[PDB]
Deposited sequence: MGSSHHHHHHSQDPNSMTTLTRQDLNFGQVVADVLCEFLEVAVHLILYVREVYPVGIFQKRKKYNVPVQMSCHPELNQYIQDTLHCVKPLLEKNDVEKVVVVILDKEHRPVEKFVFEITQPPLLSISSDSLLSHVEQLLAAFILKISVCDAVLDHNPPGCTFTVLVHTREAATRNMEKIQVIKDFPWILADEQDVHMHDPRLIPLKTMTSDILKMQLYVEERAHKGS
């Protein structure tokens, strides 16, 4: 419950940072190399961005603890507010060093994100992002059709894990026609 939520929030934070870097949602200049799960990552040093991500995940946490999250999705949006890429983490919490084990498995997802630009086309200039949470001060709103609908998605599998406390699949849906 709490263990899984903590591990996942910490992983999701690193993964969101890394997605924002490899998809060029923010300038490379704000990111610093760091190491997480024993693998190289890139983390934003900009305090407002970082606080945004943190606040988002702090809100997700209690839902994870109660196993109410089906998916967490990092959505990259073009200047027109059209979803062009979605990184979908589908999450299931199933019914001696389990943390070291699970972290080595999470490392695999990080590794796959870090190279996903090999399988995706460039994004258009001026993209932004949001996070969508699919359920089973920092106010959340129901998503609209605009935030979600993506015409002609191509699904690109990135990684799947199974463990005693967590099963998770990460895939990307890329809009087939980004436009530029």
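*Can you give me the gaps, meaning deposited-sequence stretches with no C-alpha coordinates, in sequence order?*
Unmodelled stretches, in sequence order: 1-27, 123-128, 170-183.
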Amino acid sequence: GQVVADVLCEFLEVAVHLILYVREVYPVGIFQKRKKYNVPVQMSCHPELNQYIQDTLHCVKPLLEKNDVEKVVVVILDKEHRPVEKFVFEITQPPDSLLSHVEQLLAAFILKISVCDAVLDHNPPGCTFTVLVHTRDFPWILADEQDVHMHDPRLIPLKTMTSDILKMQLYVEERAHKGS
From here on, numbers count along this sequence of modelled residues.
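What we label the rigid core is the largest C-alpha set whose atoms superpose within 1.5 Å from one form to the other.
*Using RMS Cα distance over all structures and residues, flag whichever of 14-22 and 156-164 lies farther from this form in 7 other deposited structures of this protein after a core fit.*
Stretch with the higher C-alpha RMS distance in 7 other deposited structures of this protein: 156-164.
*Farther-lying stretch by C-alpha RMS in 7 other deposited structures of this protein, rigid core as reference, of 54-62 and 37-45*: Evaluated in 7 other deposited structures of this protein, the stretch farther from the shown form is 37-45.
*Among the other entries that model both neighbours of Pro95, does it go unmodelled in a third or more?*
Counting only entries that model residues on both sides, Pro95 is unresolved in at least a third of them.
_Mean Cα B-factor comparison, 43-51 or 145-153, giving the higher one as deposited_ = Taking the mean B-factor of the alpha carbons in each, 145-153 is higher.
*When the C-alpha temperature factors are averaged for each of 115-123 and 25-33, which stretch ends up with the higher value in the entry?*
It is 115-123 that shows the higher mean C-alpha B-factor.
_B-factor third for the C-alpha atom of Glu85 within its chain_ = Lowest third of the chain for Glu85's C-alpha B-factor.
*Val75: which third of its chain by C-alpha temperature factor?*
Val75: CA B-factor falls in the lowest third of its chain.
*asked:* Which third, lowest, middle or highest, does the C-alpha temperature factor of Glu10 belong to within its own chain?
replied: According to the entry, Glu10 has a C-alpha B-factor in the chain's middle third.
*asked:* How does the C-alpha B factor of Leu158 compare with the rest of the chain: lowest, middle or highest third?
replied: For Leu158, the deposited C-alpha B-factor lands in the middle third.
*Within-chain third of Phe138 by Cα B-factor, per the entry*: Highest third - that is where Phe138 ends up once the chain's C-alpha B-factors are sorted.
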